[PDB]
Amino acid sequence: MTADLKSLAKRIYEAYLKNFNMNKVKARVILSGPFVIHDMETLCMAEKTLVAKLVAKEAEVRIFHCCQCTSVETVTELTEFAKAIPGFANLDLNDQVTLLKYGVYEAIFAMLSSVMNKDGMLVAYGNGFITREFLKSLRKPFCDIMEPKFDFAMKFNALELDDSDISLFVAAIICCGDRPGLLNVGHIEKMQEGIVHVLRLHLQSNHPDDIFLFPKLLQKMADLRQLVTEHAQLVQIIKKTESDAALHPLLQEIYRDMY
Ligand SMILES: CC(C)(Sc1ccc(CCN(CCCCC2CCCCC2)C(=O)NC2CCCCC2)cc1)C(=O)O
């Protein structure tokens, strides 16, 4: 790992720490000992303290709206982060849009793992914790949203990545040269090759104990693509069949023509 590649890995790590409100160290500090949402009573209490304006509709629909707000926010964070990736800001604007379009939910579900344990997830900028069992207790189809994400996260967390790894993994997610509709595939593939090269060398240095960590992470990227495809299908069912579950226009555009 040359000085330029080590420097690039650190540059991406610092951009991640700057641009995402939550990181794995911060999440672990909080989780070690947030208001616990484990039933309808505590959900309603948390709404009045953490999202007061929202309740100043069915609980499931209220949760869905709050989730959309966090997704919109995360799109902003990921867009700023992408500027630290060598060559991203030099791409055609349309290609930057396409890469973020397909990458954002893969990145969201990867980063969600940092705030998940087997019992639930940290939410609302670190100020709430919503139990996995409470989410399973919601009426269909809303109880079907988070469980596959918990399943992904438990195995992803067993890899014991830190933020220096996760930042590069998120950058690699964004730099996929095989997204549909790309204009300058050749330059993107070169951008992808560079980020993946940095990721491979970083994992060799930071995880000398796990000689297969790089191919494990390539597989996780493929798993995330499938998780997002399935997630988009469920969101389409909810939007179409739930008269009160309208989609924020920015998210409508992200999901539109995706899969
Ligand atoms: C909205 C769909 C249509 S479905 C969908 C998508 C994502 C999620 C996870 C949302 N969430 C819980 C947000 C829970 C808010 C809480 C609800 C109860 C009352 C207090 C506030 C959360 O913390 N996300 C992190 C954000 C920081 C970066 C990593 C991801 C849930 C459903 C979509 O976007 O596709």
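The residues of the chain are indexed from 1 along the displayed sequence.
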Task: Criterion side chain to side chain contact (heavy atoms under 4.5 Å, CB included) on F88 and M191, from CA distance to verdict - done: CA-CA 8 Å; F88 189 86; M191 178 181 58; 4.1 Å; yes
Open item on the list: One pair to check against side chain to side chain contact (heavy atoms under 4.5 Å, CB included): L217 and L161. What are the steps and the verdict?
Closed with: CA-CA 10 Å; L217 287 181; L161 300 187; 3.9 Å; yes
- [ ] Please lay out, stage by stage, how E80 and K83 fare under the test salt bridge (charged side-chain N to carboxylate O under 4.0 Å, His left out).
- [x] CA-CA 6 Å; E80 293 295 336; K83 300 182 186 171; 3.3 Å; yes
Open item on the list: Under the criterion salt bridge (charged side-chain N to carboxylate O under 4.0 Å, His left out), I'd like the reasoning laid out for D244 against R62: C-alpha separation, chi angles, the key distance, then a yes or no.
Closed with: CA-CA 9 Å; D244 271 326; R62 305 197 306 263; over 6 Å; no
TODO: Report the C-alpha distance between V198 and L8 in whole Å, list the side-chain angles of each, state the deciding distance to 0.1 Å, and finish with yes or no for side chain to side chain contact (heavy atoms under 4.5 Å, CB included).
DONE: CA-CA 7 Å; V198 177; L8 179 52; 3.6 Å; yes
- [ ] Would you check, one step at a time, whether the test side chain to side chain contact (heavy atoms under 4.5 Å, CB included) holds for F150 with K118?
- [x] CA-CA 7 Å; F150 278 103; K118 60 183 169 55; over 6 Å; no
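Within the 3.5 Å criterion, the main-chain N or O of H202 finds no donor-acceptor partner in the side chain of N206. A donor-acceptor pair under 3.5 Å links the side-chain atoms of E77 to the main chain of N21, judged by distance alone. With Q68 contributing its side chain and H248 its backbone, the two residues share a donor-acceptor pair below 3.5 Å. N127 places a side-chain N or O within donor-acceptor distance of the main-chain N or O of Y125, the cut-off being under 3.5 Å. Under the 3.5 Å distance criterion, the side-chain polar atoms of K101 are matched with a main-chain donor or acceptor of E253. A donor-acceptor pair under 3.5 Å is absent between the side-chain atoms of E60 and the main chain of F142, judged by distance alone. For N157 (side chain) and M116 (main-chain N/O), a donor-acceptor pair under 3.5 Å exists by modelled atom type.
No side-chain heavy atom of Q219 sits under 4.5 Å from any side-chain heavy atom of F212. At a threshold of 4.5 Å between non-hydrogen side-chain atoms, the residues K220 and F156 count as touching. Two residues are said to be in side-chain contact when any heavy atoms from C-beta on lie closer than 4.5 Å; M1 and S205 meet this criterion. When side chains are defined from C-beta on, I145 does not count as touching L138, because their heavy atoms never get closer than 4.5 Å. Residues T229 and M258 fail the side-chain proximity criterion, which asks for heavy atoms closer than 4.5 Å. Using a 4.5 Å heavy-atom threshold, the side chains of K57 and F64 count as separate. Between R132 and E147 the shortest side-chain heavy-atom distance falls below 4.5 Å. Contact of the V36 side chain with the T42 side chain is not registered, since no non-hydrogen atoms from C-beta on lie closer than 4.5 Å.
The shortest heavy-atom contact between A171 and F81 is N-CE2, 3.9 Å. Of all heavy-atom pairs spanning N117 and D119, the tightest one is OD1-N, 2.8 Å. For the pair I173 and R179, the tightest heavy-atom approach, listed with the atom from each and the gap, is O-NH2, 3.1 Å. When all heavy atoms are compared, the tightest approach of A172 to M221 is O-CE, 3.9 Å. Here the closest heavy-atom approach between residue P86 and residue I195 is recorded as CD-CD1, 4.2 Å. The shortest heavy-atom contact between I12 and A84 is CD1-O, 3.3 Å.
Clustering ILVMFWY residues whenever any of their side-chain heavy atoms sit less than 4.5 angstrom apart, transitively, puts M154 in the very cluster that holds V123. Hydrophobic clustering keeps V115 apart from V29 (ILVMFWY residues linked when any side-chain heavy atoms are closer than 4.5 Å, directly or through intermediates). By the rule that hydrophobic residues join a cluster once side-chain heavy atoms approach within less than 4.5 Å of another member, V170 and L17 end up as members of separate clusters. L31 and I130 fall within the same hydrophobic cluster, where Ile, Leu, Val, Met, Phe, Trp and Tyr residues are linked whenever their side-chain heavy atoms come under 4.5 Å apart, directly or through other members. Under a hydrophobic-cluster definition in which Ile, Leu, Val, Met, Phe, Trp and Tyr are linked whenever side-chain heavy atoms come within less than 4.5 Å, directly or via other members, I237 and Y255 are assigned to different clusters.
Open room surrounds CG on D257; 12 or fewer heavy atoms of other groups in view lie less than 6.0 Å from it. Within a 6.0 Å radius of CZ in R139, more than 12 heavy atoms belonging to other residues, nucleotides or ligands are found. Within 6.0 Å of atom NE2 in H207, more than 12 heavy atoms from other residues, nucleotides or ligands are found, so the atom counts as buried in its surroundings.
Atom CG of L93 is separated from atom CG of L183 by 10.5 Å, given to the nearest 0.5 angstrom. One finds the CD atom of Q96 at 11.0 Å from the CD1 atom of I174 (value rounded to the nearest 0.5 Å). A distance of 8.5 Å separates CG of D39 from CG of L43, quoted to the nearest 0.5 Å. Distance check, rounded to the nearest 0.5 Å: CD of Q204 to CD1 of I211 gives 11.0 Å. Rounding to the nearest 0.5 angstrom, the gap separating the CD1 atom in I30 from the CZ atom in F129 is 11.5 Å. Of the inter-residue distances, the one linking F169 atom CZ with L159 atom CG reads 9.0 Å to the nearest 0.5 angstrom.
Note on ring orientation: taking the six-membered ring where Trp is involved, the planes of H231 and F109 are perpendicular (angle over 60°, cut-offs 30° and 60°).
Side-chain contact check for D162 and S164: at least one donor-acceptor pair (N or O, by modelled atom type) lies under 3.5 Å. In the model, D95 has no side-chain atom that pairs as donor or acceptor with a side-chain atom of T98 under 3.5 Å.
One finds a salt bridge joining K136 and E133 here, because a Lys/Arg side-chain nitrogen approaches an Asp/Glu carboxylate oxygen to under 4.0 Å. Under the 4.0 Å criterion applied to side-chain N and carboxylate O atoms, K216 and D210 are assigned as salt-bridge partners.
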